[PDB]
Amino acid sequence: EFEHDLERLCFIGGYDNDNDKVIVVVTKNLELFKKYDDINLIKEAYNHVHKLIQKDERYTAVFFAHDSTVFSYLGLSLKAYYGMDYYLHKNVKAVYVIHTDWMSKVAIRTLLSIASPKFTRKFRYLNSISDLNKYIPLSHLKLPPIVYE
């Protein structure tokens, strides 16, 4: 019925080689639901996905952007995904976003870069170019004169 449109938005597409679930979600198949009226759609989604993952069960999330932006179908899909209970966030092994537009791609990779700490450490802040010579020698390095003014 109505329910015969959710299992065109959230499957267990398969299982990893560690024999734990993968959960596929297509961010584009919500316009199926602008035609019903009266449905809350997010509690019903929460109910749906709850029946797909046991509570102490590790899984994997895969989203299909595919002509959705952060202002529609992906912004709403994830923001939903953040309001879930904590165990869903603790049990994921990884979450994969696939094939969105440029704005969403640069916006996504930005927040992971903030999140991923192993990357934010290779930074080292120097007061002037004089101090860089310790790490990268200035005997290499052709530079414009502006870095010496």
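Numbers follow the displayed sequence, beginning with 1.
In this crystal structure, the stretch out of 92 to 100 and 37 to 45 whose C-alpha atoms carry the higher mean B factor is 37 to 45.
Judged by mean Cα B factor in the deposited record, 119 to 127 ranks above the other of 119 to 127 and 103 to 111. Compared with the other modelled residues of the chain, the Cα B-factor recorded for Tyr87 ranks in the highest third. In the deposited entry, the Cα temperature factor of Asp18 sits in the top third of values across the chain's modelled residues.
In the PDB entry, a CA B factor belonging to the highest third of its chain's modelled residues is recorded for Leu32. For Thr69, the recorded CA temperature factor ranks within the lowest third of the chain's modelled residues. Annotation for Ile136: CA B-factor lies in the highest third of the chain's modelled residues.
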